[PDB]
Each structure stands twice: as structure tokens, then as C-alpha cells.
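PDB author numbering numbers the first residue of the sequence shown as 1 and each following residue consecutively. For reference, the structure discussed in these notes is given below.
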Amino acid sequence: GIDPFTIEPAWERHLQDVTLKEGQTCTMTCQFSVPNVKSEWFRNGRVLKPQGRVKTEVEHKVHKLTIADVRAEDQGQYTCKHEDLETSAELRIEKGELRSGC
Numbered sequence: 001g002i003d004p005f006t007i008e009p010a011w012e013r014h015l016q017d018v019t020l021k022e023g024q025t026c027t028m029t030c031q032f033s034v035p036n037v038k039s040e041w042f043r044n045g046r047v048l049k050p051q052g053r054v055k056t057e058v059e060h061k062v063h064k065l066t067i068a069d070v071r072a073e074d075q076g077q078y079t080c081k082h083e084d085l086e087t088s089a090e091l092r093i094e095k096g097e098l099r100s101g102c
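Below, the structure written as C-alpha cells:
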């Protein structure tokens with residue numbers, strides 16, 4: 001038959017909800033079944049532009065999102081979208097001193 005060497009597009013590993021304290025560098029990944037394709041990144045409904053803190057990378061299947069020196073302003077939700085297929089994770093900056101248990 002026709003062996004799909006071009007792996008049919010799918011969201012195998014969805015975006016993962018990463019939580020880290022400010023100052024840390026983050027790199028959230030999403031495994032898109034299609035090798036070496038690009039996707040629009042979104043942060044809280046906005047097109048995520050790789051400026052300053054933000055860096056966007058793409059591997060074979062997985063798409064990576066880097067935030068160096070993360071801020072609570074860069075938190076909430078990230079969404080990786082490729083035309084139809086989309087994915088999302090809650091990025092939380094780890095943070096509150098009064099966490100009800102020092």
C-alpha cells in the first residue's frame with residue numbers, strides 16, 4: 001500500500017502545563033506528528049511574538065517554546081496551532097509567598 005512516510009498530522013503530545021518561579025527559563029514542548037512544520041504560537045489569545053523573553057523553536061515533531069527569565073506577565077495559557085489542529089497549556093509563574101503553608 002501507500003506507507004505514510006509523511007506522518008499524518010496529529011497532536012500526540014499536547015502542550016504541557018509548566019510552572020516555574022520568575023527568573024527561570026522555560027521551554028514548553030508540543031509533539032506535532034508532522035516533521036519540520038511550523039505553527040503559530042499564542043499567549044492568552046494573542047499571537048506570540050518571539051521578542052526578548054520569548055523564543056520559538058521547532059524540531060521534527062515537537063515544537064518548543066522558550067521563555068528566558070519568565071515573568072508572571074508571560075503566564076496564563078499558551079496555545080500552539082497549526083491550521084486546524086491546536087493545543088494549549090497553562091503556563092504558571094510559581095509565585096505567591098502566602099501559599100498557605102510555608
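Where is the CB? At the ideal position from N, CA and C, for every residue including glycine.
N- and C-terminal bounds of the beta strand (DSSP E) containing residue i
i    : result
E73  : Segment: none, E73 is in no beta strand (DSSP E) and carries neither H nor E.
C102 : Note, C102: premise wrong, no beta strand (DSSP E); not H, not E.
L98  : No beta strand (DSSP E) contains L98, which DSSP labels as neither H nor E.
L91  : It is not in any beta strand (DSSP E) - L91 carries neither H nor E in the DSSP assignment.
For residue j and residue i, believed in contact at Cβ under 8 Å, the rounded distance
i   : j   : result
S88 : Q75 : That pair is no contact at about 13 Å.
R13 : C26 : Going by Cβ atoms, the distance from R13 to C26 rounds to 16 Å, so no, they are not a contact pair.
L91 : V34 : Contact doesn't hold; Cβ gap of about 24 Å is too wide.
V70 : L20 : 6 Å
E40 : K81 : 5 Å
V58 : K38 : 6 Å
Rounded separation between residue i and residue j - CA only
i   : j    : result
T79 : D3   : 31 Å
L65 : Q51  : 12 Å
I7  : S100 : 47 Å
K49 : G1   : 42 Å
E83 : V47  : 14 Å
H60 : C102 : 42 Å
**Asked** What beta strand (DSSP E) runs, 3 residues minimum, are completely inside the region 8-82?
**Response** 11-13, 26-32, 40-43, 54-58, 62-67 and 78-82
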